[PDB]
file coords-v9.pdb (PDB, C-alpha atoms (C1' of nucleotides))
MODEL        1
ATOM      1  CA  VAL N   1      -7.204  10.531 -37.724  1.00  0.00           C
ATOM      2  CA  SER N   2      -7.423   8.122 -34.790  1.00  0.00           C
ATOM      3  CA  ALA N   3     -10.368   6.565 -32.971  1.00  0.00           C
ATOM      4  CA  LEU N   4      -8.634   5.785 -29.660  1.00  0.00           C
ATOM      5  CA  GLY N   5      -7.979   8.315 -26.906  1.00  0.00           C
ATOM      6  CA  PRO N   6     -10.412   9.979 -24.509  1.00  0.00           C
ATOM      7  CA  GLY N   7     -14.021   9.402 -25.482  1.00  0.00           C
ATOM      8  CA  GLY N   8     -12.902   6.920 -28.121  1.00  0.00           C
ATOM      9  CA  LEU N   9     -13.238   3.217 -28.772  1.00  0.00           C
ATOM     10  CA  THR N  10     -10.697   1.065 -26.948  1.00  0.00           C
ATOM     11  CA  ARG N  11      -9.042  -1.868 -28.717  1.00  0.00           C
ATOM     12  CA  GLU N  12     -11.115  -4.214 -26.532  1.00  0.00           C
ATOM     13  CA  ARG N  13     -14.300  -2.638 -27.971  1.00  0.00           C
ATOM     14  CA  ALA N  14     -13.180  -3.171 -31.563  1.00  0.00           C
ATOM     15  CA  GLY N  15     -15.762  -5.507 -33.010  1.00  0.00           C
ATOM     16  CA  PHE N  16     -16.182  -5.066 -36.750  1.00  0.00           C
ATOM     17  CA  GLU N  17     -18.249  -1.917 -37.352  1.00  0.00           C
ATOM     18  CA  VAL N  18     -15.382   0.503 -36.724  1.00  0.00           C
ATOM     19  CA  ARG N  19     -12.722  -1.707 -38.338  1.00  0.00           C
ATOM     20  CA  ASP N  20     -14.486  -1.907 -41.717  1.00  0.00           C
ATOM     21  CA  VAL N  21     -14.556   0.655 -44.505  1.00  0.00           C
ATOM     22  CA  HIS N  22     -17.879   1.990 -45.770  1.00  0.00           C
ATOM     23  CA  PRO N  23     -18.993   3.761 -48.967  1.00  0.00           C
ATOM     24  CA  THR N  24     -18.993   6.909 -46.834  1.00  0.00           C
ATOM     25  CA  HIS N  25     -15.185   6.707 -46.538  1.00  0.00           C
ATOM     26  CA  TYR N  26     -14.708   7.412 -50.253  1.00  0.00           C
ATOM     27  CA  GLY N  27     -12.547  10.503 -50.583  1.00  0.00           C
ATOM     28  CA  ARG N  28     -12.706  11.320 -46.861  1.00  0.00           C
ATOM     29  CA  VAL N  29     -10.577   8.677 -45.102  1.00  0.00           C
ATOM     30  CA  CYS N  30      -8.022   6.515 -46.874  1.00  0.00           C
ATOM     31  CA  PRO N  31      -9.321   2.947 -47.281  1.00  0.00           C
ATOM     32  CA  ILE N  32      -5.952   1.179 -47.586  1.00  0.00           C
ATOM     33  CA  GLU N  33      -3.613   3.096 -45.235  1.00  0.00           C
ATOM     34  CA  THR N  34      -4.046   1.704 -41.723  1.00  0.00           C
ATOM     35  CA  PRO N  35      -1.620   0.001 -39.307  1.00  0.00           C
ATOM     36  CA  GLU N  36      -1.655  -3.786 -39.359  1.00  0.00           C
ATOM     37  CA  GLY N  37      -1.844  -5.310 -35.901  1.00  0.00           C
ATOM     38  CA  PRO N  38      -3.856  -4.858 -32.710  1.00  0.00           C
ATOM     39  CA  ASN N  39      -5.170  -1.450 -33.841  1.00  0.00           C
ATOM     40  CA  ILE N  40      -6.267  -1.931 -37.457  1.00  0.00           C
ATOM     41  CA  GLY N  41      -8.964   0.346 -38.814  1.00  0.00           C
ATOM     42  CA  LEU N  42      -9.064   2.195 -35.509  1.00  0.00           C
ATOM     43  CA  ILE N  43      -6.282   4.462 -36.798  1.00  0.00           C
ATOM     44  CA  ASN N  44      -6.731   5.801 -40.323  1.00  0.00           C
ATOM     45  CA  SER N  45      -5.401   8.637 -42.480  1.00  0.00           C
ATOM     46  CA  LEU N  46      -7.238  11.429 -44.239  1.00  0.00           C
ATOM     47  CA  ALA N  47      -7.452  11.280 -48.010  1.00  0.00           C
ATOM     48  CA  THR N  48      -5.340  13.585 -50.159  1.00  0.00           C
TER      49      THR N  48
ATOM     50  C1'  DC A   1      67.711 -31.365  36.897  1.00  0.00           C
ATOM     51  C1'  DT A   2      63.456 -30.310  34.466  1.00  0.00           C
ATOM     52  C1'  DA A   3      58.084 -29.689  33.180  1.00  0.00           C
ATOM     53  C1'  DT A   4      53.726 -28.232  35.373  1.00  0.00           C
ATOM     54  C1'  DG A   5      50.220 -26.666  38.546  1.00  0.00           C
ATOM     55  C1'  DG A   6      49.473 -22.720  41.717  1.00  0.00           C
ATOM     56  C1'  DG A   7      49.195 -18.543  42.826  1.00  0.00           C
ATOM     57  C1'  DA A   8      50.343 -13.530  42.472  1.00  0.00           C
ATOM     58  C1'  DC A   9      49.898  -9.575  39.266  1.00  0.00           C
ATOM     59  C1'  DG A  10      48.086  -5.804  36.558  1.00  0.00           C
ATOM     60  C1'  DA A  11      46.227  -3.412  32.247  1.00  0.00           C
ATOM     61  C1'  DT A  12      42.016  -2.797  30.492  1.00  0.00           C
ATOM     62  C1'  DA A  13      37.158  -3.427  28.977  1.00  0.00           C
ATOM     63  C1'  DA A  14      32.424  -3.310  30.558  1.00  0.00           C
ATOM     64  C1'  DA A  15      28.905  -1.179  34.021  1.00  0.00           C
ATOM     65  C1'  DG A  16      26.930   2.288  36.127  1.00  0.00           C
ATOM     66  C1'  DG A  17      26.528   7.152  37.037  1.00  0.00           C
ATOM     67  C1'  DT A  18      25.346  11.159  35.269  1.00  0.00           C
ATOM     68  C1'  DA A  19      24.772  15.251  33.283  1.00  0.00           C
ATOM     69  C1'  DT A  20      23.893  17.225  28.454  1.00  0.00           C
ATOM     70  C1'  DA A  21      22.997  18.925  23.879  1.00  0.00           C
ATOM     71  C1'  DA A  22      20.248  17.180  20.044  1.00  0.00           C
ATOM     72  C1'  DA A  23      16.058  16.004  18.152  1.00  0.00           C
ATOM     73  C1'  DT A  24      11.958  14.928  17.581  1.00  0.00           C
ATOM     74  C1'  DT A  25       7.321  14.617  18.779  1.00  0.00           C
ATOM     75  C1'  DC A  26       3.307  17.459  21.087  1.00  0.00           C
ATOM     76  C1'  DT A  27       0.151  21.331  21.908  1.00  0.00           C
ATOM     77  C1'  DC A  28      -1.927  26.042  20.382  1.00  0.00           C
ATOM     78  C1'  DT A  29      -4.198  30.096  17.260  1.00  0.00           C
ATOM     79  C1'  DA A  30     -10.681  32.302  19.106  1.00  0.00           C
ATOM     80  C1'  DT A  31     -15.082  36.855  12.691  1.00  0.00           C
ATOM     81  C1'  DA A  32     -16.964  32.956  10.174  1.00  0.00           C
ATOM     82  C1'  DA A  33     -16.704  29.319   7.959  1.00  0.00           C
ATOM     83  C1'  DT A  34     -22.254  23.337   9.102  1.00  0.00           C
ATOM     84  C1'  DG A  35     -23.487  16.945   3.028  1.00  0.00           C
ATOM     85  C1'  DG A  36     -18.128  15.548  -3.210  1.00  0.00           C
ATOM     86  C1'  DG A  37     -17.284  14.441  -7.305  1.00  0.00           C
ATOM     87  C1'  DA A  38     -15.252  11.859 -11.148  1.00  0.00           C
ATOM     88  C1'  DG A  39     -17.818   8.746 -12.262  1.00  0.00           C
ATOM     89  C1'  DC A  40     -18.143   5.615 -18.694  1.00  0.00           C
ATOM     90  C1'  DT A  41     -21.603   4.826 -21.552  1.00  0.00           C
ATOM     91  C1'  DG A  42     -18.347   1.546 -28.796  1.00  0.00           C
ATOM     92  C1'  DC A  43     -17.318  -5.716 -26.470  1.00  0.00           C
ATOM     93  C1'  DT A  44     -18.885 -10.538 -26.241  1.00  0.00           C
ATOM     94  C1'  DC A  45     -20.070 -14.463 -24.760  1.00  0.00           C
ATOM     95  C1'  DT A  46     -20.732 -17.639 -21.256  1.00  0.00           C
ATOM     96  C1'  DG A  47     -21.632 -18.838 -17.088  1.00  0.00           C
ATOM     97  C1'  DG A  48     -23.679 -18.731 -12.752  1.00  0.00           C
ATOM     98  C1'  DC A  49     -26.795 -16.606  -9.384  1.00  0.00           C
ATOM     99  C1'  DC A  50     -31.096 -14.830  -7.211  1.00  0.00           C
ATOM    100  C1'  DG A  51     -35.456 -13.532  -7.547  1.00  0.00           C
ATOM    101  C1'  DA A  52     -39.998 -13.093  -9.672  1.00  0.00           C
ATOM    102  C1'  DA A  53     -43.714 -14.842 -12.463  1.00  0.00           C
ATOM    103  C1'  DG A  54     -46.372 -18.257 -14.587  1.00  0.00           C
ATOM    104  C1'  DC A  55     -47.792 -23.412 -14.027  1.00  0.00           C
ATOM    105  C1'  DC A  56     -49.511 -27.547 -12.470  1.00  0.00           C
ATOM    106  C1'  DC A  57     -52.217 -29.120  -8.690  1.00  0.00           C
ATOM    107  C1'  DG A  58     -55.186 -31.783  -5.162  1.00  0.00           C
TER     108       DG A  58
ENDMDL
END
call {"tool": "encode", "arguments": {"input": "coords-v9.pdb", "output": "structure tokens"}}
result
Amino acid sequence: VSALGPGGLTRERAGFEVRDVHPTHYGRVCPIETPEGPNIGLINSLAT
DNA sequence: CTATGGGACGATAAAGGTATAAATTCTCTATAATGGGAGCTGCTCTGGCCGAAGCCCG
């Protein structure tokens, strides 16, 4: 599950709100599986 | 008796003619047609720039 693409946040609009995990991510989006680098937290993976 | 300038020579390349096919641009067609559309929206700050609105003020 990515956040980039059409109608999505660009890496220059990162900030912190999208790139942080929230209690609402529990069991929906994996908290620890994200690519390290320019796009961190923007690209995540669904939970099991 | 010999080397060198002088002049004769001539085979051909350029110059002009001179048409000639290619080729490459130019001009037309007449029912009616009479304001476009993708444009992002989730930076962040700093910095400068005009322009308006209070703020002294004599």
call {"tool": "atom_distance", "arguments": {"input": "coords-v9.pdb", "atom1": "atom CA of residue 45 of chain N", "atom2": "atom CA of residue 19 of chain N"}}
result
13.3 Å
call {"tool": "residues_around", "arguments": {"input": "coords-v9.pdb", "residues": "residue 40 of chain N", "least_positions_apart": "2", "cutoff": "10 Å", "atoms": "only C-alpha atoms (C1' of nucleotides)", "output": "list in words"}}
result
residues 11, 14, 18, 19, 20, 33, 34, 35, 36, 37, 38, 42, 43 and 44 of chain N
call {"tool": "interface_residues", "arguments": {"input": "coords-v9.pdb", "of": "chain N", "to": "chain A", "cutoff": "12 Å", "atoms": "all atoms listed in the file", "output": "list in words"}}
result
residues 3, 4, 6, 7, 8, 9, 10, 11, 12, 13, 14, 15, 16, 17, 18, 19 and 42 of chain N
call {"tool": "write_last_selection", "arguments": {"input": "coords-v9.pdb", "atoms": "C-alpha atoms", "output": "CSV table (one decimal), keeping the file's coordinate frame"}}
result
chain,number,residue,atom,x,y,z
N,3,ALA,CA,-10.4,6.6,-33.0
N,4,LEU,CA,-8.6,5.8,-29.7
N,6,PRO,CA,-10.4,10.0,-24.5
N,7,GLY,CA,-14.0,9.4,-25.5
N,8,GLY,CA,-12.9,6.9,-28.1
N,9,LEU,CA,-13.2,3.2,-28.8
N,10,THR,CA,-10.7,1.1,-26.9
N,11,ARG,CA,-9.0,-1.9,-28.7
N,12,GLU,CA,-11.1,-4.2,-26.5
N,13,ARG,CA,-14.3,-2.6,-28.0
N,14,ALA,CA,-13.2,-3.2,-31.6
N,15,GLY,CA,-15.8,-5.5,-33.0
N,16,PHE,CA,-16.2,-5.1,-36.8
N,17,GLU,CA,-18.2,-1.9,-37.4
N,18,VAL,CA,-15.4,0.5,-36.7
N,19,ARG,CA,-12.7,-1.7,-38.3
N,42,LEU,CA,-9.1,2.2,-35.5
call {"tool": "residues_near_point", "arguments": {"input": "coords-v9.pdb", "point": "(-10.8, 13.5, -43.0)", "cutoff": "8 Å", "atoms": "only C-alpha atoms (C1' of nucleotides)", "output": "number ranges by chain"}}
result
N: 1, 28-29, 45-47
call {"tool": "atom_distance", "arguments": {"input": "coords-v9.pdb", "atom1": "atom CA of residue 21 of chain N", "atom2": "atom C1' of residue 45 of chain A"}}
result
25.5 Å
call {"tool": "atom_distance", "arguments": {"input": "coords-v9.pdb", "atom1": "atom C1' of residue 39 of chain A", "atom2": "atom CA of residue 39 of chain N"}}
result
27.0 Å
call {"tool": "axis_aligned_box", "arguments": {"input": "coords-v9.pdb", "around": "segment 17-33 of chain A", "padding_each_side": "8 Å", "output": "AutoDock Vina command-line options"}}
result
--center_x 4.8 --center_y 22.0 --center_z 22.5 --size_x 59.5 --size_y 45.7 --size_z 45.1
call {"tool": "decode", "arguments": {"input": "coords-v9.pdb", "residues": "segment 22-46 of chain N", "atoms": "N, CA and C atoms", "output": "PDB file, in the first residue's frame"}}
result
ATOM      1  N   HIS N  22       0.496   5.415  13.792  1.00  0.00           N
ATOM      2  CA  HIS N  22      -0.518   5.871  14.728  1.00  0.00           C
ATOM      3  C   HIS N  22      -1.244   4.664  15.293  1.00  0.00           C
ATOM      4  N   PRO N  23      -1.872   4.805  16.467  1.00  0.00           N
ATOM      5  CA  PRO N  23      -2.598   3.671  17.058  1.00  0.00           C
ATOM      6  C   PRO N  23      -3.655   3.088  16.133  1.00  0.00           C
ATOM      7  N   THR N  24      -4.030   3.841  15.102  1.00  0.00           N
ATOM      8  CA  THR N  24      -4.977   3.361  14.108  1.00  0.00           C
ATOM      9  C   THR N  24      -4.345   2.419  13.095  1.00  0.00           C
ATOM     10  N   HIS N  25      -3.020   2.291  13.082  1.00  0.00           N
ATOM     11  CA  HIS N  25      -2.339   1.359  12.194  1.00  0.00           C
ATOM     12  C   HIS N  25      -2.301  -0.060  12.739  1.00  0.00           C
ATOM     13  N   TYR N  26      -2.700  -0.263  13.991  1.00  0.00           N
ATOM     14  CA  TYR N  26      -2.576  -1.566  14.627  1.00  0.00           C
ATOM     15  C   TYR N  26      -3.448  -2.592  13.919  1.00  0.00           C
ATOM     16  N   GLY N  27      -2.803  -3.588  13.319  1.00  0.00           N
ATOM     17  CA  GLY N  27      -3.510  -4.654  12.646  1.00  0.00           C
ATOM     18  C   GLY N  27      -4.008  -4.327  11.260  1.00  0.00           C
ATOM     19  N   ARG N  28      -3.787  -3.108  10.779  1.00  0.00           N
ATOM     20  CA  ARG N  28      -4.220  -2.698   9.450  1.00  0.00           C
ATOM     21  C   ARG N  28      -3.050  -2.508   8.501  1.00  0.00           C
ATOM     22  N   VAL N  29      -2.024  -1.777   8.924  1.00  0.00           N
ATOM     23  CA  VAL N  29      -0.821  -1.541   8.137  1.00  0.00           C
ATOM     24  C   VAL N  29       0.375  -1.886   9.010  1.00  0.00           C
ATOM     25  N   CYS N  30       1.335  -2.607   8.442  1.00  0.00           N
ATOM     26  CA  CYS N  30       2.477  -3.051   9.224  1.00  0.00           C
ATOM     27  C   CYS N  30       3.261  -1.851   9.745  1.00  0.00           C
ATOM     28  N   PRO N  31       3.619  -1.841  11.029  1.00  0.00           N
ATOM     29  CA  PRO N  31       4.333  -0.686  11.581  1.00  0.00           C
ATOM     30  C   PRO N  31       5.822  -0.689  11.290  1.00  0.00           C
ATOM     31  N   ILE N  32       6.420  -1.848  11.026  1.00  0.00           N
ATOM     32  CA  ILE N  32       7.869  -1.988  10.973  1.00  0.00           C
ATOM     33  C   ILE N  32       8.390  -2.310   9.582  1.00  0.00           C
ATOM     34  N   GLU N  33       7.520  -2.592   8.617  1.00  0.00           N
ATOM     35  CA  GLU N  33       7.950  -2.937   7.263  1.00  0.00           C
ATOM     36  C   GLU N  33       7.726  -1.731   6.360  1.00  0.00           C
ATOM     37  N   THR N  34       8.776  -0.940   6.167  1.00  0.00           N
ATOM     38  CA  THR N  34       8.736   0.189   5.246  1.00  0.00           C
ATOM     39  C   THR N  34      10.139   0.408   4.691  1.00  0.00           C
ATOM     40  N   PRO N  35      10.276   0.897   3.459  1.00  0.00           N
ATOM     41  CA  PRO N  35      11.618   1.088   2.899  1.00  0.00           C
ATOM     42  C   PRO N  35      12.353   2.234   3.571  1.00  0.00           C
ATOM     43  N   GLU N  36      13.622   1.996   3.884  1.00  0.00           N
ATOM     44  CA  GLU N  36      14.465   3.023   4.478  1.00  0.00           C
ATOM     45  C   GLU N  36      15.123   3.843   3.379  1.00  0.00           C
ATOM     46  N   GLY N  37      14.968   5.160   3.451  1.00  0.00           N
ATOM     47  CA  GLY N  37      15.510   6.038   2.445  1.00  0.00           C
ATOM     48  C   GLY N  37      14.639   7.252   2.204  1.00  0.00           C
ATOM     49  N   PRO N  38      14.657   7.766   0.973  1.00  0.00           N
ATOM     50  CA  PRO N  38      13.867   8.969   0.672  1.00  0.00           C
ATOM     51  C   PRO N  38      12.377   8.788   0.886  1.00  0.00           C
ATOM     52  N   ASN N  39      11.844   7.599   0.631  1.00  0.00           N
ATOM     53  CA  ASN N  39      10.423   7.314   0.804  1.00  0.00           C
ATOM     54  C   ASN N  39      10.279   6.305   1.941  1.00  0.00           C
ATOM     55  N   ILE N  40      10.224   6.817   3.166  1.00  0.00           N
ATOM     56  CA  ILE N  40      10.058   6.004   4.363  1.00  0.00           C
ATOM     57  C   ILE N  40       8.734   6.370   5.014  1.00  0.00           C
ATOM     58  N   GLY N  41       7.878   5.373   5.204  1.00  0.00           N
ATOM     59  CA  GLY N  41       6.568   5.622   5.768  1.00  0.00           C
ATOM     60  C   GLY N  41       5.544   5.964   4.709  1.00  0.00           C
ATOM     61  N   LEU N  42       6.008   6.512   3.584  1.00  0.00           N
ATOM     62  CA  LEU N  42       5.114   6.758   2.459  1.00  0.00           C
ATOM     63  C   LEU N  42       4.647   5.447   1.844  1.00  0.00           C
ATOM     64  N   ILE N  43       5.525   4.454   1.803  1.00  0.00           N
ATOM     65  CA  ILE N  43       5.205   3.133   1.281  1.00  0.00           C
ATOM     66  C   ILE N  43       5.184   2.168   2.454  1.00  0.00           C
ATOM     67  N   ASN N  44       4.057   1.504   2.650  1.00  0.00           N
ATOM     68  CA  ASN N  44       3.884   0.554   3.736  1.00  0.00           C
ATOM     69  C   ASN N  44       3.340  -0.759   3.176  1.00  0.00           C
ATOM     70  N   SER N  45       3.120  -1.722   4.066  1.00  0.00           N
ATOM     71  CA  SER N  45       2.594  -3.022   3.687  1.00  0.00           C
ATOM     72  C   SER N  45       1.425  -3.369   4.591  1.00  0.00           C
ATOM     73  N   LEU N  46       0.414  -4.009   4.012  1.00  0.00           N
ATOM     74  CA  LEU N  46      -0.727  -4.432   4.805  1.00  0.00           C
ATOM     75  C   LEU N  46      -0.314  -5.508   5.800  1.00  0.00           C
TER      76      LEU N  46
END
